[PDB]
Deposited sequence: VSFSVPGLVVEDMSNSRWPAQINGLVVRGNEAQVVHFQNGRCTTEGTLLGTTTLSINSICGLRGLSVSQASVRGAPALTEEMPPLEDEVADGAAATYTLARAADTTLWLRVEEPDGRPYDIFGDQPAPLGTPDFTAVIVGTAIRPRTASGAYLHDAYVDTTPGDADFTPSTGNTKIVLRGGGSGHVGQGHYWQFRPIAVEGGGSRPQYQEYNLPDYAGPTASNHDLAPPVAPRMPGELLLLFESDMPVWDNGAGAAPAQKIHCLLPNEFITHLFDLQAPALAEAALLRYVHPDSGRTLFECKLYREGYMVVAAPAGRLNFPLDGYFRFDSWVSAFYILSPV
């Protein structure tokens, strides 16, 4: 099976860590905070890592049956977390949490949805605090708390199917910081994470991580004063599904890709997609000023020692 990547243009592709179109290409330096994403992790051979799901609507969310608090203004909803396909989460399996689980610390704003209940469908404004300040974010051990903001009493009884679907992160000085590179404590503050997808840090001199960027919406209680945010991923969802379906063996350490721009009638830059599932470029840190109506084209398998042309 010969390797290839999608011929879709970047601006048509989606963030594998958050529900957003890709609207930027940025180069990240080797900062103190090492990229350690659990969503959007896929090798060139189509091996999914961490909490990566192919179900794009399940990304950075939680779902499962409601349970009573004892078994574990605002109303608290308690879920027995499960996988996107509705099968149970394997607590002692090879994932740090159910697939799609948020993989950063913040207060994530969204909607709690109870979409199939026979007594009537229900939904409500909600949030999930994934910072260590929330002792109840413990998806690794099978449960998580969702807070219904300003309502929900009488609607959170046990035994009904719920999803939490993300919209934004909180912003403003009083509220917990959004830190997309900071992994949560999936088992809460009393227990350790396990089976994390490994860190991503380019090994070769002069090569830096290329990230796909999106806008991150911000909630600040209607003030409209909080600074605008972004969120990044290693590969768009469309790359991940393509690689997964293909299952192409890796014939070297990296796939040399050229970014092709039809309107320019030429290649604009080249990158190496390492087998481990990340792209690097020979460029300094910062935003890449290229049009996003171009696509990546696989040209050759190359070694780690292959020297990329400067962007």
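Absent C-alpha positions map to one deposited sequence range, 73-102.
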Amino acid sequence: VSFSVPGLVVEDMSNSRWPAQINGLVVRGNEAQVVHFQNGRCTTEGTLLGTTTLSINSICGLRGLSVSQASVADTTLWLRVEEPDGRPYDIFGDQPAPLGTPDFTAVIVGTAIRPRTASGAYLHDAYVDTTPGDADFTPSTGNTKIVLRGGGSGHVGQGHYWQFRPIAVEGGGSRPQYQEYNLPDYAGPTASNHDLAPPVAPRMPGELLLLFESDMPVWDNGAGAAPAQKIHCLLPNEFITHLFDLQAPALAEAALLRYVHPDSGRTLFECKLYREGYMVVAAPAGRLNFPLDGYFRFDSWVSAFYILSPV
From here on, numbers count along this sequence of modelled residues.
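Modelling of residue 73 is missing from a third or more of the other compared entries in which both of its neighbours are modelled.
For the pair 194-202 and 131-139, the mean B factor over Cα atoms is greater in 131-139. Note on 113-121 vs 208-216: mean CA B-factor is higher in 113-121. Across 59, 252, 48, 65, the entry's maximum B-factor at the CA atom is seen for 252. Highest CA B-factor among 166, 236, 152, 100, as stated in the entry: 152. Per-chain ranking of the deposited C-alpha B factor places residue 261 in the highest third.
In the PDB entry, residue 11 places in the middle third of its chain by CA B-factor. Among the modelled residues of its chain, residue 297 has a C-alpha B-factor that falls in the middle third according to the deposited record. Residue 84 sits in the lowest third of its chain by CA B factor, as recorded in the PDB entry. For residue 70, the recorded CA B-factor ranks within the highest third of the chain. Only modelled residues enter the ranking.
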